[PDB]
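Printed here is work18.txt (compact mmCIF, C-alpha atoms and all ligand atoms):
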# COMPACT_ATOMS: atom_id res chain seq x y z
CA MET P 1 -38.00 3.33 50.38
CA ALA P 2 -36.95 6.05 47.91
CA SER P 3 -34.29 8.14 49.53
CA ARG P 4 -35.28 11.67 48.33
CA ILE P 5 -38.47 13.75 48.12
CA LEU P 6 -39.19 16.23 45.35
CA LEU P 7 -39.53 19.83 46.49
CA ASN P 8 -41.59 22.57 44.87
CA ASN P 9 -38.41 24.16 43.55
CA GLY P 10 -37.72 21.09 41.44
CA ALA P 11 -34.84 19.79 43.55
CA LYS P 12 -34.74 16.50 45.47
CA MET P 13 -34.15 16.47 49.22
CA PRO P 14 -32.85 13.40 51.13
CA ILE P 15 -35.52 12.24 53.56
CA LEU P 16 -33.01 11.43 56.27
CA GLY P 17 -30.54 14.03 57.49
CA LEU P 18 -28.18 14.53 60.43
CA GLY P 19 -29.15 17.05 63.08
CA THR P 20 -26.47 19.22 64.67
CA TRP P 21 -28.10 21.19 67.52
CA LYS P 22 -26.11 20.51 70.72
CA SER P 23 -23.41 18.60 68.85
CA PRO P 24 -20.26 19.79 70.63
CA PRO P 25 -17.81 21.65 68.43
CA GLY P 26 -15.07 19.17 69.36
CA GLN P 27 -17.23 16.21 68.27
CA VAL P 28 -19.34 17.47 65.37
CA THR P 29 -16.59 17.40 62.74
CA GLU P 30 -16.11 13.67 63.29
CA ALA P 31 -19.90 13.14 63.51
CA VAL P 32 -20.46 14.72 60.12
CA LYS P 33 -17.48 12.89 58.58
CA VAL P 34 -18.84 9.56 59.87
CA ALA P 35 -22.34 10.46 58.71
CA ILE P 36 -21.17 11.15 55.15
CA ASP P 37 -19.04 7.98 55.16
CA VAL P 38 -22.06 5.85 56.14
CA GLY P 39 -24.42 7.41 53.63
CA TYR P 40 -25.93 10.62 54.95
CA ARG P 41 -26.35 13.21 52.26
CA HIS P 42 -28.30 15.87 54.22
CA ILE P 43 -27.01 17.90 57.19
CA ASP P 44 -29.28 20.21 59.19
CA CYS P 45 -27.42 23.25 60.50
CA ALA P 46 -28.05 26.66 62.00
CA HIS P 47 -26.04 29.75 62.89
CA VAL P 48 -27.56 29.78 66.39
CA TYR P 49 -26.09 26.30 67.05
CA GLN P 50 -22.62 27.92 67.14
CA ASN P 51 -20.95 24.96 65.40
CA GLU P 52 -21.25 25.70 61.68
CA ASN P 53 -17.49 26.22 61.28
CA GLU P 54 -16.84 22.72 62.62
CA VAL P 55 -19.65 21.18 60.54
CA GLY P 56 -18.08 22.93 57.53
CA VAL P 57 -14.65 21.42 58.23
CA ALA P 58 -16.21 17.98 57.84
CA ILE P 59 -18.17 18.81 54.71
CA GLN P 60 -15.10 20.36 53.10
CA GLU P 61 -12.87 17.42 53.95
CA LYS P 62 -15.31 14.95 52.43
CA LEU P 63 -15.61 17.08 49.30
CA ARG P 64 -11.80 17.37 49.11
CA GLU P 65 -11.50 13.60 49.73
CA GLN P 66 -14.02 13.05 46.83
CA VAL P 67 -16.16 10.90 49.11
CA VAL P 68 -19.04 12.89 47.69
CA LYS P 69 -19.70 15.56 45.18
CA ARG P 70 -21.25 18.88 46.22
CA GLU P 71 -24.28 18.22 44.01
CA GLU P 72 -24.95 15.03 46.02
CA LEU P 73 -25.10 16.89 49.35
CA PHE P 74 -28.15 18.72 50.67
CA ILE P 75 -27.03 21.30 53.22
CA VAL P 76 -29.66 23.18 55.22
CA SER P 77 -29.21 26.19 57.48
CA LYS P 78 -31.44 28.76 59.10
CA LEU P 79 -31.68 32.54 59.55
CA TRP P 80 -31.66 33.39 63.25
CA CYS P 81 -34.29 35.65 64.81
CA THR P 82 -31.93 38.62 65.30
CA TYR P 83 -31.40 38.84 61.50
CA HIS P 84 -35.02 39.51 60.40
CA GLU P 85 -33.96 42.82 58.86
CA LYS P 86 -33.93 43.46 55.22
CA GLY P 87 -30.41 44.71 55.52
CA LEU P 88 -29.11 41.83 57.63
CA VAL P 89 -30.46 38.72 55.83
CA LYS P 90 -27.79 38.51 53.12
CA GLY P 91 -24.93 38.93 55.55
CA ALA P 92 -26.37 36.28 57.88
CA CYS P 93 -26.63 33.87 54.98
CA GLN P 94 -23.10 34.73 53.84
CA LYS P 95 -21.67 34.15 57.33
CA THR P 96 -23.29 30.70 57.36
CA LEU P 97 -21.92 30.01 53.86
CA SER P 98 -18.44 31.11 54.93
CA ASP P 99 -18.54 28.96 58.07
CA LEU P 100 -19.86 25.89 56.23
CA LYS P 101 -17.24 26.31 53.45
CA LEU P 102 -19.98 26.50 50.80
CA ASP P 103 -20.94 28.74 47.86
CA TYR P 104 -24.59 27.90 48.16
CA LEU P 105 -27.06 26.28 50.54
CA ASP P 106 -29.55 23.73 49.29
CA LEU P 107 -32.17 25.12 51.66
CA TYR P 108 -32.26 28.18 53.92
CA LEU P 109 -35.05 28.45 56.49
CA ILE P 110 -36.47 31.28 58.56
CA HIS P 111 -35.66 29.58 61.87
CA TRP P 112 -38.66 31.01 63.77
CA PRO P 113 -41.42 33.39 62.69
CA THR P 114 -40.37 35.81 65.49
CA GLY P 115 -37.91 38.59 64.77
CA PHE P 116 -35.78 39.90 67.63
CA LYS P 117 -33.80 43.12 68.07
CA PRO P 118 -30.48 42.84 66.18
CA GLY P 119 -27.22 42.76 68.06
CA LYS P 120 -24.70 40.37 69.52
CA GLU P 121 -27.14 38.52 71.78
CA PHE P 122 -29.21 35.76 70.22
CA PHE P 123 -31.97 36.37 72.79
CA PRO P 124 -31.89 40.11 73.56
CA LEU P 125 -33.83 40.73 76.76
CA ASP P 126 -35.40 43.73 78.45
CA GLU P 127 -34.47 44.46 82.04
CA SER P 128 -37.50 42.49 83.12
CA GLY P 129 -36.67 39.41 81.18
CA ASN P 130 -38.88 39.32 78.04
CA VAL P 131 -37.47 38.96 74.43
CA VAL P 132 -37.09 42.30 72.69
CA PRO P 133 -38.92 42.06 69.32
CA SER P 134 -38.15 43.39 65.90
CA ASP P 135 -40.83 45.31 64.07
CA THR P 136 -39.99 43.63 60.68
CA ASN P 137 -42.83 41.11 59.78
CA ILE P 138 -42.71 37.61 58.28
CA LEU P 139 -43.58 38.98 54.83
CA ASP P 140 -40.68 41.43 54.52
CA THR P 141 -38.33 38.78 55.86
CA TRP P 142 -39.70 36.40 53.20
CA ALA P 143 -38.99 38.94 50.46
CA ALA P 144 -35.40 39.11 51.72
CA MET P 145 -35.20 35.30 51.55
CA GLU P 146 -36.45 35.39 47.95
CA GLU P 147 -33.59 37.71 47.04
CA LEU P 148 -31.11 35.05 48.21
CA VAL P 149 -32.51 32.64 45.61
CA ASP P 150 -32.16 35.33 42.97
CA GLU P 151 -28.56 36.02 43.97
CA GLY P 152 -27.54 32.35 43.81
CA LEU P 153 -26.76 31.99 47.50
CA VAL P 154 -29.48 29.39 48.17
CA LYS P 155 -31.33 26.90 45.95
CA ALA P 156 -34.48 26.78 48.06
CA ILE P 157 -36.03 28.78 50.87
CA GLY P 158 -38.42 27.72 53.58
CA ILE P 159 -39.72 28.26 57.08
CA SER P 160 -39.53 26.62 60.48
CA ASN P 161 -41.86 26.64 63.48
CA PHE P 162 -44.56 28.42 61.45
CA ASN P 163 -48.12 27.66 62.49
CA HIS P 164 -50.73 27.25 59.73
CA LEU P 165 -51.92 30.81 59.81
CA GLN P 166 -48.31 31.90 59.45
CA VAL P 167 -47.78 29.50 56.56
CA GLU P 168 -51.00 30.87 55.07
CA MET P 169 -49.76 34.47 55.45
CA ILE P 170 -46.62 33.48 53.47
CA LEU P 171 -48.75 31.74 50.77
CA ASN P 172 -51.07 34.75 50.59
CA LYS P 173 -48.22 37.32 50.41
CA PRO P 174 -48.89 39.97 47.77
CA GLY P 175 -46.43 39.49 44.99
CA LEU P 176 -45.12 36.14 46.36
CA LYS P 177 -42.24 35.05 44.13
CA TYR P 178 -41.18 31.72 45.63
CA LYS P 179 -43.34 29.52 47.79
CA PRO P 180 -41.71 28.02 50.87
CA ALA P 181 -40.27 24.63 49.96
CA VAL P 182 -40.24 23.23 53.50
CA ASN P 183 -41.71 23.88 56.94
CA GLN P 184 -39.45 22.30 59.58
CA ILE P 185 -41.42 21.56 62.76
CA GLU P 186 -41.18 19.40 65.85
CA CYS P 187 -42.81 16.03 65.22
CA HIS P 188 -42.73 12.68 66.99
CA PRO P 189 -45.29 10.25 68.54
CA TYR P 190 -46.02 12.57 71.47
CA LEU P 191 -46.56 15.63 69.24
CA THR P 192 -47.89 14.09 66.07
CA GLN P 193 -48.86 17.34 64.33
CA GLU P 194 -51.60 15.89 62.11
CA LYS P 195 -53.36 19.18 61.50
CA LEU P 196 -50.31 21.23 60.55
CA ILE P 197 -48.86 18.42 58.49
CA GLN P 198 -52.05 17.98 56.45
CA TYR P 199 -52.28 21.74 55.89
CA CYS P 200 -48.65 22.00 54.73
CA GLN P 201 -48.77 18.83 52.56
CA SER P 202 -52.05 20.02 50.94
CA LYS P 203 -50.13 23.14 49.89
CA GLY P 204 -47.20 21.17 48.47
CA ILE P 205 -44.81 22.21 51.23
CA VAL P 206 -42.57 19.38 52.43
CA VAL P 207 -42.49 18.95 56.20
CA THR P 208 -39.26 18.14 58.06
CA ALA P 209 -39.66 16.56 61.49
CA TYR P 210 -37.23 17.79 64.11
CA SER P 211 -36.57 16.27 67.53
CA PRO P 212 -37.84 12.91 66.24
CA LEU P 213 -36.35 11.06 69.21
CA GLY P 214 -37.79 13.55 71.68
CA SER P 215 -34.50 15.42 72.14
CA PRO P 216 -33.34 13.59 75.29
CA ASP P 217 -30.32 15.97 75.44
CA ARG P 218 -32.46 19.11 75.43
CA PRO P 219 -30.99 21.37 78.15
CA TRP P 220 -34.32 21.72 80.01
CA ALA P 221 -35.11 18.02 80.27
CA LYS P 222 -36.87 17.14 83.53
CA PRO P 223 -36.90 13.54 84.97
CA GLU P 224 -40.74 13.35 84.95
CA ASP P 225 -40.95 14.26 81.23
CA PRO P 226 -42.12 11.46 78.92
CA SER P 227 -39.45 9.55 77.09
CA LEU P 228 -40.01 8.16 73.59
CA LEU P 229 -36.93 6.07 73.57
CA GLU P 230 -37.96 4.35 76.80
CA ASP P 231 -41.70 4.02 76.02
CA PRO P 232 -42.31 0.26 76.23
CA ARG P 233 -45.10 0.48 73.65
CA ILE P 234 -42.61 1.82 71.11
CA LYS P 235 -39.97 -0.62 72.25
CA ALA P 236 -42.48 -3.43 71.53
CA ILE P 237 -43.04 -2.26 67.94
CA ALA P 238 -39.28 -2.08 67.54
CA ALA P 239 -38.79 -5.59 68.93
CA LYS P 240 -41.44 -6.97 66.60
CA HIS P 241 -39.50 -5.58 63.65
CA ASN P 242 -36.06 -6.54 65.01
CA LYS P 243 -35.06 -2.85 65.02
CA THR P 244 -34.12 -0.34 67.68
CA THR P 245 -36.61 2.10 69.18
CA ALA P 246 -34.67 4.94 67.53
CA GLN P 247 -34.97 3.21 64.16
CA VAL P 248 -38.77 2.99 64.59
CA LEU P 249 -38.90 6.64 65.62
CA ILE P 250 -36.97 7.60 62.44
CA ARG P 251 -38.95 5.35 60.08
CA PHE P 252 -42.27 6.68 61.44
CA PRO P 253 -42.01 10.20 59.90
CA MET P 254 -40.50 8.76 56.72
CA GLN P 255 -43.72 6.81 56.09
CA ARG P 256 -45.76 10.01 56.59
CA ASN P 257 -43.89 11.54 53.62
CA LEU P 258 -41.80 13.68 55.98
CA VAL P 259 -38.09 14.39 56.06
CA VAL P 260 -36.48 13.57 59.40
CA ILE P 261 -33.27 14.84 61.02
CA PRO P 262 -32.17 12.83 64.08
CA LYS P 263 -29.11 14.23 65.86
CA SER P 264 -26.23 12.15 67.15
CA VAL P 265 -22.52 12.60 67.80
CA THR P 266 -22.09 8.88 68.61
CA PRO P 267 -20.60 7.08 65.60
CA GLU P 268 -22.45 3.82 66.23
CA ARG P 269 -25.78 5.63 66.55
CA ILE P 270 -25.13 7.73 63.46
CA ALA P 271 -24.86 4.45 61.60
CA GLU P 272 -27.85 2.86 63.39
CA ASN P 273 -30.06 5.77 62.54
CA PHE P 274 -29.30 5.44 58.85
CA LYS P 275 -30.34 1.76 58.68
CA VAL P 276 -33.99 2.56 58.22
CA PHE P 277 -34.46 1.69 54.57
CA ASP P 278 -34.87 -2.07 54.91
CA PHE P 279 -38.09 -2.44 56.94
CA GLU P 280 -41.68 -1.11 56.87
CA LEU P 281 -44.05 -0.21 59.65
CA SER P 282 -47.56 -1.50 58.97
CA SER P 283 -50.51 0.86 58.74
CA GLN P 284 -51.57 -0.50 62.14
CA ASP P 285 -48.13 0.32 63.52
CA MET P 286 -48.39 3.81 62.08
CA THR P 287 -51.83 4.45 63.53
CA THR P 288 -50.71 3.00 66.86
CA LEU P 289 -47.72 5.38 66.97
CA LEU P 290 -49.99 8.28 66.03
CA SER P 291 -52.25 7.34 68.94
CA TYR P 292 -49.51 8.30 71.41
CA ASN P 293 -49.95 12.02 70.72
CA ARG P 294 -50.12 14.13 73.86
CA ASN P 295 -49.31 17.57 72.40
CA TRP P 296 -45.85 17.58 74.06
CA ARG P 297 -43.19 19.93 72.86
CA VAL P 298 -39.46 19.82 73.28
CA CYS P 299 -39.11 23.23 71.72
CA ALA P 300 -41.65 25.82 72.88
CA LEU P 301 -39.40 28.93 72.79
CA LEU P 302 -40.74 29.75 76.23
CA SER P 303 -38.99 33.14 76.61
CA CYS P 304 -40.90 34.40 73.64
CA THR P 305 -44.31 33.77 74.43
CA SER P 306 -45.61 37.41 74.21
CA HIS P 307 -43.92 38.10 70.91
CA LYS P 308 -46.73 38.88 68.57
CA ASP P 309 -45.54 36.19 66.17
CA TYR P 310 -45.08 33.44 68.81
CA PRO P 311 -46.24 30.37 66.99
CA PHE P 312 -47.76 27.97 69.47
CA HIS P 313 -50.78 29.79 70.94
CA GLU P 314 -52.74 28.80 67.81
CA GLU P 315 -54.13 25.30 67.85
CA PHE P 316 -51.91 24.45 64.85
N1 LIG R 401 -35.94 24.22 63.52
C1 LIG R 401 -35.90 24.18 64.86
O1 LIG R 401 -36.36 25.04 65.58
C2 LIG R 401 -35.24 22.97 65.47
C3 LIG R 401 -34.45 22.12 64.74
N2 LIG R 401 -33.93 20.99 65.29
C4 LIG R 401 -33.04 20.13 64.45
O2 LIG R 401 -33.46 18.79 64.62
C5 LIG R 401 -32.33 18.00 65.09
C6 LIG R 401 -32.81 16.82 65.87
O3 LIG R 401 -33.51 17.24 67.07
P1 LIG R 401 -32.83 17.24 68.52
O4 LIG R 401 -33.64 18.18 69.32
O5 LIG R 401 -31.36 17.47 68.41
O6 LIG R 401 -33.09 15.80 69.12
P2 LIG R 401 -33.28 14.27 68.63
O7 LIG R 401 -34.70 13.94 68.83
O8 LIG R 401 -32.66 14.10 67.30
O9 LIG R 401 -32.49 13.52 69.78
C7 LIG R 401 -31.06 13.69 69.91
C8 LIG R 401 -30.63 12.90 71.13
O10 LIG R 401 -30.92 11.48 70.89
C9 LIG R 401 -29.72 10.73 71.10
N3 LIG R 401 -29.72 9.62 70.17
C10 LIG R 401 -29.54 9.72 68.82
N4 LIG R 401 -29.61 8.53 68.19
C11 LIG R 401 -29.88 7.67 69.21
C12 LIG R 401 -30.04 6.27 69.17
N5 LIG R 401 -29.96 5.55 68.07
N6 LIG R 401 -30.24 5.67 70.38
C13 LIG R 401 -30.30 6.41 71.48
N7 LIG R 401 -30.21 7.73 71.61
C14 LIG R 401 -29.95 8.32 70.44
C15 LIG R 401 -28.59 11.72 70.93
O11 LIG R 401 -27.45 11.25 71.66
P3 LIG R 401 -25.93 11.37 71.15
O12 LIG R 401 -25.83 12.57 70.27
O13 LIG R 401 -25.17 11.46 72.46
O14 LIG R 401 -25.64 10.08 70.41
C16 LIG R 401 -29.16 12.99 71.49
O15 LIG R 401 -29.08 13.01 72.92
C17 LIG R 401 -31.49 19.04 65.82
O16 LIG R 401 -30.18 18.59 66.12
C18 LIG R 401 -31.55 20.20 64.86
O17 LIG R 401 -30.69 19.91 63.76
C19 LIG R 401 -34.25 20.64 66.58
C20 LIG R 401 -35.00 21.49 67.35
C21 LIG R 401 -35.49 22.67 66.82
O1 LIG R 402 -34.25 26.60 68.08
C1 LIG R 402 -33.75 25.69 68.03
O2 LIG R 402 -33.37 25.22 66.76
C2 LIG R 402 -33.23 24.55 68.95
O3 LIG R 402 -33.16 25.23 70.21
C3 LIG R 402 -32.23 26.24 70.35
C4 LIG R 402 -30.93 26.15 69.80
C5 LIG R 402 -30.02 27.15 70.16
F1 LIG R 402 -28.83 27.08 69.64
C6 LIG R 402 -30.35 28.21 71.01
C7 LIG R 402 -31.64 28.27 71.55
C8 LIG R 402 -32.57 27.28 71.24
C9 LIG R 402 -33.95 27.35 71.80
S1 LIG R 402 -34.15 27.85 73.42
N1 LIG R 402 -34.93 27.11 70.96
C10 LIG R 402 -36.30 27.24 71.38
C11 LIG R 402 -36.94 28.51 70.85
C12 LIG R 402 -36.20 29.57 70.27
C13 LIG R 402 -36.84 30.70 69.77
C14 LIG R 402 -38.24 30.81 69.88
BR1 LIG R 402 -39.08 32.29 69.10
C15 LIG R 402 -38.96 29.81 70.46
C16 LIG R 402 -38.33 28.70 70.96
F2 LIG R 402 -39.03 27.69 71.49
CL CL R 403 -30.03 30.08 63.13
Representation of the structure as structure tokens:
Amino acid sequence: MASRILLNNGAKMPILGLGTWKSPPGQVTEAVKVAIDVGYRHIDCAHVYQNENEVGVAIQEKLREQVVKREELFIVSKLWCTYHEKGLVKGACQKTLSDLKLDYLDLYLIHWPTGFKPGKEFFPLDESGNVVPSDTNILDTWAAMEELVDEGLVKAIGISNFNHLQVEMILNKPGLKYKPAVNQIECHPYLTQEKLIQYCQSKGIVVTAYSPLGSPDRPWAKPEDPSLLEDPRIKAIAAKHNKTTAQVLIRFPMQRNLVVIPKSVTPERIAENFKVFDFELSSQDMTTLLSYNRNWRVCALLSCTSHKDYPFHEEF
């Protein structure tokens, strides 16, 4: 399959990237170096992951080594919830740029629609436990994102974990200057996201699927939770194709015209996950995988469920 998808800013985005949430800081430099050496050209990052400096060491070394050129890389990061303030967006972006050793990002996302009170804590809480919101809305934050394009800090802007009425709000913004290029959302066979994906694709927004393997390293994993990688129905499709279950789980979103960002810090798996360009799932395979939907989320931002902009009370 073609390796890149055209975005609505005119740039091409690699359809397979390396995820970095939970990648330990003492392992992620090597993970990203290995990834670039074996062909990855897209790294998904975020300030909240607390490892952008170490990701940046890898990127910089591979640029210095002339393994790749900067124009060939597609580096994504995200604006954390405590920086939804007109006066904080540029500095948040610049801190990410400084940590990643870059002078621009290919794509910068609003990480969640919910703004939180600024300060040192990523999840500022009241004495009773609930997230303390910001009064800044998704439209003013969007305007601040647009300024980053106009200042040359980022080539594209987008959103993450926006439901379709939140995407619609962005699209309907008075005076909208740049449409979102991407909506990055959780997507896998147990949370297949057909409604949100069709909405976004109909609007020309590219969808990136996160947690495509079901995030087995998520910190809140419970033994009785479903497991994609161990689902024997998925294993059977993999066996039929002489591929791993992970490889099927990665190819699946690719054939839905999605970008996909599996995370690994294991060198052998980083390579395995890239070897997804030499087989095709049939339409029957695709529909069968879609049939496994159970509306199951890895990421439900459960502390934030009263925030007025919490995304997952809406059907989609
Ligand atoms: N925008 C948002 O709100 C969010 C964005 N994301 C992004 O999406 C990325 C991917 O999602 P994430 O939640 O990390 O989880 P994934 O679904 O990518 O699963 C990662 C886990 O799968 C393991 N794994 C990777 N490859 C294989 C393989 N071939 N065989 C077996 N196990 C494998 C990893 O192990 P190991 O590393 O030990 O090899 C790790 O435990 C994140 O890292 C982040 O970049 C994720 C959640 C939210
Ligand atoms: O967010 C991530 O990329 C991956 O996950 C995280 C990554 C981090 F580095 C820190 C927290 C999270 C959590 S707990 N994320 C879930 C989450 C956060 C905020 C809101 Br609004 C809802 C929600 F569901
Ligand atoms: Cl972030």
List the spatial neighbours of residue 169 in chain P as a PyMOL selection string - criterion: any atom at most 12 Å away, all atoms listed in the file, same-chain residues fewer than 5 positions off excluded. chain P and resi 113+137-140+142+159+162-164+174+176+179-180+309
List all protein, DNA and RNA residues that have any atom at most 10 Å from ligand LIG 402 (chain R), counting only C-alpha atoms and all ligand atoms, and write the list as a count of residues only. 51
Any idea what the distance is between atom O1 of ligand LIG 401 (chain R) and CA of residue 209 in chain P?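 So the two atoms, atom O1 of ligand LIG 401 (chain R) and CA of residue 209 in chain P, lie 10.0 Å apart.
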Hey, which of P:84, P:241, P:269, P:222 ends up closest to ligand CL 403 (chain R)? Count all atoms listed in the file.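 Counting all atoms listed in the file, the residue closest to ligand CL 403 (chain R) is P:84.
When all atoms listed in the file are used to measure the gap to residue 254 in chain P, the shortest distance among P:129, P:187, P:200, P:59 belongs to P:187.
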Could you tell me which of P:24, P:91, P:253, P:204 comes closest to ligand LIG 401 (chain R) if we count all atoms listed in the file?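 Distance minimum relative to ligand LIG 401 (chain R) lands on P:24.
Take the candidates P:26, P:118, P:14, P:152 and check each one against residue 42 in chain P using all atoms listed in the file; the shortest distance goes to P:14.
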As JSON, what would the box around range 106-116 of chain P look like: edges along x, y and z, 3 Å added on every side, centre and edge lengths in Å to one decimal?
{"center_x": -35.5, "center_y": 31.8, "center_z": 58.5, "size_x": 17.9, "size_y": 22.2, "size_z": 24.3}
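Of note, CA of residue 88 in chain P and CA of residue 148 in chain P are spaced 11.8 Å apart.
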Using Å and a single decimal, report how far CA of residue 56 in chain P sits from CA of residue 251 in chain P.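 About the pair CA of residue 251 in chain P and CA of residue 56 in chain P: they are 27.4 Å apart.
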Restricting the calculation to only C-alpha atoms and all ligand atoms: of P:23, P:141, P:53, P:282, which residue gets closest to ligand LIG 401 (chain R)? P:23
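Distances here use all atoms listed in the file; by that measure, the residue among P:66, P:94, P:257, P:27 closest to ligand LIG 401 (chain R) is P:27.
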Do you know which residues are at most 12 Å from range 70-76 of chain P counting all atoms listed in the file, after dropping those on the same chain fewer than 6 positions away, and could you put them as an mmCIF file with C-alpha atoms, in the frame of the given file?
data_model
loop_
_atom_site.group_PDB
_atom_site.id
_atom_site.type_symbol
_atom_site.label_atom_id
_atom_site.label_comp_id
_atom_site.auth_asym_id
_atom_site.auth_seq_id
_atom_site.Cartn_x
_atom_site.Cartn_y
_atom_site.Cartn_z
ATOM 1 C CA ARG P 4 -35.280 11.670 48.330
ATOM 2 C CA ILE P 5 -38.470 13.750 48.120
ATOM 3 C CA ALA P 11 -34.840 19.790 43.550
ATOM 4 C CA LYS P 12 -34.740 16.500 45.470
ATOM 5 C CA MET P 13 -34.150 16.470 49.220
ATOM 6 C CA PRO P 14 -32.850 13.400 51.130
ATOM 7 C CA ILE P 15 -35.520 12.240 53.560
ATOM 8 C CA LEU P 16 -33.010 11.430 56.270
ATOM 9 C CA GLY P 17 -30.540 14.030 57.490
ATOM 10 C CA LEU P 18 -28.180 14.530 60.430
ATOM 11 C CA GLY P 19 -29.150 17.050 63.080
ATOM 12 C CA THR P 20 -26.470 19.220 64.670
ATOM 13 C CA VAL P 32 -20.460 14.720 60.120
ATOM 14 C CA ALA P 35 -22.340 10.460 58.710
ATOM 15 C CA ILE P 36 -21.170 11.150 55.150
ATOM 16 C CA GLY P 39 -24.420 7.410 53.630
ATOM 17 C CA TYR P 40 -25.930 10.620 54.950
ATOM 18 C CA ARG P 41 -26.350 13.210 52.260
ATOM 19 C CA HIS P 42 -28.300 15.870 54.220
ATOM 20 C CA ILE P 43 -27.010 17.900 57.190
ATOM 21 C CA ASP P 44 -29.280 20.210 59.190
ATOM 22 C CA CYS P 45 -27.420 23.250 60.500
ATOM 23 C CA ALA P 46 -28.050 26.660 62.000
ATOM 24 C CA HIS P 47 -26.040 29.750 62.890
ATOM 25 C CA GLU P 52 -21.250 25.700 61.680
ATOM 26 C CA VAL P 55 -19.650 21.180 60.540
ATOM 27 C CA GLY P 56 -18.080 22.930 57.530
ATOM 28 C CA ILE P 59 -18.170 18.810 54.710
ATOM 29 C CA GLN P 60 -15.100 20.360 53.100
ATOM 30 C CA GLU P 61 -12.870 17.420 53.950
ATOM 31 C CA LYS P 62 -15.310 14.950 52.430
ATOM 32 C CA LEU P 63 -15.610 17.080 49.300
ATOM 33 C CA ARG P 64 -11.800 17.370 49.110
ATOM 34 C CA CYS P 93 -26.630 33.870 54.980
ATOM 35 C CA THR P 96 -23.290 30.700 57.360
ATOM 36 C CA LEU P 97 -21.920 30.010 53.860
ATOM 37 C CA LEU P 100 -19.860 25.890 56.230
ATOM 38 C CA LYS P 101 -17.240 26.310 53.450
ATOM 39 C CA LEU P 102 -19.980 26.500 50.800
ATOM 40 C CA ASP P 103 -20.940 28.740 47.860
ATOM 41 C CA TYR P 104 -24.590 27.900 48.160
ATOM 42 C CA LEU P 105 -27.060 26.280 50.540
ATOM 43 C CA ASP P 106 -29.550 23.730 49.290
ATOM 44 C CA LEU P 107 -32.170 25.120 51.660
ATOM 45 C CA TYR P 108 -32.260 28.180 53.920
ATOM 46 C CA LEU P 109 -35.050 28.450 56.490
ATOM 47 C CA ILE P 110 -36.470 31.280 58.560
ATOM 48 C CA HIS P 111 -35.660 29.580 61.870
ATOM 49 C CA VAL P 154 -29.480 29.390 48.170
ATOM 50 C CA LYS P 155 -31.330 26.900 45.950
ATOM 51 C CA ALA P 156 -34.480 26.780 48.060
ATOM 52 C CA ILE P 157 -36.030 28.780 50.870
ATOM 53 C CA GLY P 158 -38.420 27.720 53.580
ATOM 54 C CA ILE P 159 -39.720 28.260 57.080
ATOM 55 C CA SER P 160 -39.530 26.620 60.480
ATOM 56 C CA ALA P 181 -40.270 24.630 49.960
ATOM 57 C CA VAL P 182 -40.240 23.230 53.500
ATOM 58 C CA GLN P 184 -39.450 22.300 59.580
ATOM 59 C CA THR P 208 -39.260 18.140 58.060
ATOM 60 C CA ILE P 261 -33.270 14.840 61.020
#
Excluding residue 232 in chain P and its own-chain neighbours fewer than 5 positions away, which residues fall within 12 Å of it when counting only C-alpha atoms? Please give them as a ChimeraX atom specification. /P:226-227,237-239,244-245,289,292
Restore N, CA and C atoms in range 88-97 of chain P and list the result as an mmCIF file, in the frame of the given file.
data_model
loop_
_atom_site.group_PDB
_atom_site.id
_atom_site.type_symbol
_atom_site.label_atom_id
_atom_site.label_comp_id
_atom_site.auth_asym_id
_atom_site.auth_seq_id
_atom_site.Cartn_x
_atom_site.Cartn_y
_atom_site.Cartn_z
ATOM 1 N N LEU P 88 -29.977 42.797 56.949
ATOM 2 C CA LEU P 88 -29.110 41.830 57.630
ATOM 3 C C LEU P 88 -29.202 40.424 57.064
ATOM 4 N N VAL P 89 -30.227 40.100 56.272
ATOM 5 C CA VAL P 89 -30.460 38.720 55.830
ATOM 6 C C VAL P 89 -29.300 38.218 54.973
ATOM 7 N N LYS P 90 -28.838 39.021 54.009
ATOM 8 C CA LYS P 90 -27.790 38.510 53.120
ATOM 9 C C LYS P 90 -26.539 38.222 53.906
ATOM 10 N N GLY P 91 -26.136 39.142 54.802
ATOM 11 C CA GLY P 91 -24.930 38.930 55.550
ATOM 12 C C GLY P 91 -25.005 37.719 56.488
ATOM 13 N N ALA P 92 -26.193 37.477 57.042
ATOM 14 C CA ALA P 92 -26.370 36.280 57.880
ATOM 15 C C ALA P 92 -26.186 35.032 57.052
ATOM 16 N N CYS P 93 -26.775 35.004 55.850
ATOM 17 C CA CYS P 93 -26.630 33.870 54.980
ATOM 18 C C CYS P 93 -25.157 33.697 54.592
ATOM 19 N N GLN P 94 -24.496 34.809 54.235
ATOM 20 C CA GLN P 94 -23.100 34.730 53.840
ATOM 21 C C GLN P 94 -22.184 34.281 54.972
ATOM 22 N N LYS P 95 -22.466 34.643 56.213
ATOM 23 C CA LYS P 95 -21.670 34.150 57.330
ATOM 24 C C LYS P 95 -21.810 32.635 57.471
ATOM 25 N N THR P 96 -23.058 32.151 57.350
ATOM 26 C CA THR P 96 -23.290 30.700 57.360
ATOM 27 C C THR P 96 -22.552 30.040 56.209
ATOM 28 N N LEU P 97 -22.632 30.593 54.989
ATOM 29 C CA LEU P 97 -21.920 30.010 53.860
ATOM 30 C C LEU P 97 -20.403 29.958 54.121
#
